[PDB]
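Take a look at this single chain in structure tokens; it is the form deposited in one PDB entry.
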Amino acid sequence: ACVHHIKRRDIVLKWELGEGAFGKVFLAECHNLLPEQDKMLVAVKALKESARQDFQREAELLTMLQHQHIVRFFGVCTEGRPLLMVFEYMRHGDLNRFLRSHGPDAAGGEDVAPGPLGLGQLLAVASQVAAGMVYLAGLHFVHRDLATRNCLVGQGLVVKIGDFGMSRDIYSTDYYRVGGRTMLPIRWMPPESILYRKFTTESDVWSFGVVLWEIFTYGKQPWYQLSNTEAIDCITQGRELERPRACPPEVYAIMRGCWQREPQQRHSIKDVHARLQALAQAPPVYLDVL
């Protein structure tokens, strides 16, 4: 348990940002956290209710996972309930909201032009999320719920991967509630995950595949035209998501790389990150003709 601790007195809650059923999130000022900044803004998750153990496991895990494109964890405040986890504040919030609000069905601020994000803007986002997934597959860590609702966008369109309990509330429609405890992101899962309940690196590249589709559809729900049971039938019957208008055939091919029926046929995430980075850093003259 080599988790950083922060004194309660160094955390000033400002207001709420989000509610789940296991946690509340707050904007807070945090003091003496960085020398660069004597004071600075963070998001703080307060535990609602076993629960303490889950909190200790979450904190140990998030102290392990550090990387440019994983949500930055600063540490815990264990001095009095509510127990707090302290996170970097991501000014644009979740990538799904960010996509929807820069999509044809939505103006231009500080980090972004008005109107649809450009192809180069969408490859940059896809690249960063892939960079994140490399680092997790690196550690042989299976995510199990990769989707735009579980990434955050910071100042400068820095995109980072998380896994938020509040996602099951805010975005319940993205989950199939089985039995009455469990919640399955069926629209993001490959056939082996739905059929055999196996979760692997390779079930995560499938999910990354669908993230790529979300990016290029500006955050539409995959199979939005289908019920949860229709999506299951269609995913088990091998039916593949259509190329979005904004998706060049060359990007659609990376998606197909992630959707090979056979887990082992799927391109590695390293390969995909490489394909996507290369495009995002390609000169406009090359991209304007893709």
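All residue numbers refer to positions in the sequence shown, first residue = 1. Superpose the two forms; the largest set of C-alphas matching within 1.5 Å is the rigid core.
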(message) Is it the case that, in at least a third of the other entries compared (those modelling both flanking residues), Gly93 has no coordinates?
(response) no
(request) Tell whether, across the other compared PDB entries, at least a third have no coordinates for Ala131. (result) no
(message) Gap size between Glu49 and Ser50, counting deposited residues with no coordinates: none, 1 to 3, 4 to 9, or 10 or more?
(response) 1 to 3
(request) Between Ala106 and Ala107, count the deposited residues left without coordinates and pick a bin: none, 1 to 3, 4 to 9, 10 or more. (result) 1 to 3
(message) Mean CA temperature factor from the deposited coordinates, higher in 204 to 212 or in 76 to 84?
(response) 76 to 84
(request) Using only the Cα atoms and their B-factors as the entry lists them, report which of 65 to 73 and 50 to 58 averages higher. (result) 50 to 58
(request) Please work out which residue in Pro190, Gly154, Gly162, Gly180 has the highest C-alpha B-factor recorded for this crystal structure. (result) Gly180
(request) Could you say whether, by C-alpha temperature factor, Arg168 belongs to the lowest, middle or highest third of its chain? (result) highest
(request) Name the third of the chain's ranked CA B-factors that contains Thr236, choosing lowest, middle or highest. (result) middle
(request) Sorting the chain's modelled residues by C-alpha B-factor, tell me whether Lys270 ends up in the lowest, middle or highest third. (result) highest
(message) Looking at the temperature factor on the CA atom of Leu287, which third of the chain's modelled residues does it land in?
(response) middle
(request) Please rank the C-alpha B-factors of the chain's modelled residues and tell me whether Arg100 sits in the lowest, middle or highest third. (result) lowest
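The following text describes the form deposited in another entry, which does not appear among the structures shown.
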(message) How about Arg181 - superposed on the rigid core, does its CA move between the shown form and the other one by 2 Å or more?
(response) yes
(request) Looking in the other form, decide if the C-alpha atoms of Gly180 and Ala59 are closer or farther than in the form shown; they differ by 3 Å or more. (result) farther
(request) Could you tell me whether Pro190 and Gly180 have their C-alpha atoms closer or farther apart in the other form than in the shown form, knowing the shift is 3 angstroms or more? (result) closer
